[PDB]
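Undergrad:
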Amino acid sequence: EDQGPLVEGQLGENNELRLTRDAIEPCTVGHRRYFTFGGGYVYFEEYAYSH
Amino acid sequence: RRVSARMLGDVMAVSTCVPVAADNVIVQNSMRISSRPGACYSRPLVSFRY
């Protein structure tokens, strides 16, 4: 809800919100990944948010 | 067009592949890995020149 508490979770596919954080993988050099978010995308580089 | 891609998350990247003539490619007569008995490649090996 608009006034509900903040819940911990992880993003999924097709704007899906997952409540469990278990998609762990070894860190790889030169990381880069686009992820669907709302009506656009979220860009990440070296496992760091970009814009 | 013939391209190679890898999952970049919810989107894919692409790279244009370069062609190679058939005469410039040859398959070896065997796959056997003499350096490691018990290990076998799942695809044949090849030698080629651009």
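Heads up: the protein sequence lines correspond to chains B and A, in order. Residues 607 to 657, numbered by PDB author numbering, are exactly what the first sequence covers, in order. Residues 557 to 606, numbered by PDB author numbering, are exactly what the second sequence covers, in order. All C-beta atoms, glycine included, are put in the ideal place defined by N, C-alpha and C.
1. By DSSP, does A578/A sit in helix, in strand, or in coil?
2. Taking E651/B as part of the beta strand (DSSP E), name the residues at either end of that continuous run.
3. Please list the terminal residues of the continuous beta strand (DSSP E) segment that includes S603/A.
4. Taking 8 Å as the threshold (beta carbon to beta carbon), is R627/B in contact with chain A?
5. Between which residues of its own chain and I582/A is the CB-CB distance below 8 Å, once the five residues before and five after are set aside?
6. Can you find a CB in chain A that lies within less than 8 Å of the CB of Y647/B?
7. Given a cut-off of 8 Å on the beta-carbon distance, is the pair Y649/B and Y640/B in contact?
8. How would you write the range of the beta strand (DSSP E) that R588/A sits in, first residue to last?
TA: So, from the listed chains and residues:
1. It is helical.
2. Taken as a continuous stretch (DSSP letters only), the beta strand (DSSP E) holding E651/B covers 646–651.
3. Run containing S603/A: 602–604, per the beta strand (DSSP E) assignment.
4. For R627/B, no Cβ of chain A is located within less than 8 Å of the residue's own Cβ.
5. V602, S603, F604.
6. With 8 Å as the cut-off, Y647/B counts as an interface residue toward chain A.
7. Contact: yes.
8. Element bounds for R588/A: n/a, residue is neither H nor E.
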